[PDB]
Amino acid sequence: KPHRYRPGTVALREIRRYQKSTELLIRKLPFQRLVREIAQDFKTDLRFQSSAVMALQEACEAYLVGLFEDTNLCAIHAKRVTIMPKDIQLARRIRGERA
């Protein structure tokens, strides 16, 4: 009796939903901690303008979304609908990020 959408229906609903909006998808405070942690390992006692953190998050999300598009094409090329580590790796190799 309880209602269930079929597997994939909600996933497509989610694609439409996030492709329509522009808001950042990674939580703000956890992203900022990651930035501070990495920076601190390069150089202690750094401070960050808040806009510097936002510019990193905008760039990071744009990179990843763009990477997932390429990854998706690699999966589909192999006649799959499911993206795997090897799709990401082929995308990065052809991009020349690890060529």
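Numbering starts at 1 and runs along the sequence shown.
Of the two segments examined, 1-9 and 88-96, it is 1-9 that shows the higher average Cα temperature factor in the deposited entry. Among the modelled residues of its chain, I83 has a C-alpha B-factor that falls in the lowest third according to the deposited record. In the deposited entry, the Cα temperature factor of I76 sits in the middle third of values across the chain's modelled residues. Sort the modelled residues of the chain by CA B factor and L24 lands in the highest third. Compared with the other modelled residues of the chain, the Cα B-factor recorded for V53 ranks in the middle third.
Looking at the C-alpha B-factors along this chain, the one for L46 belongs to the highest third.
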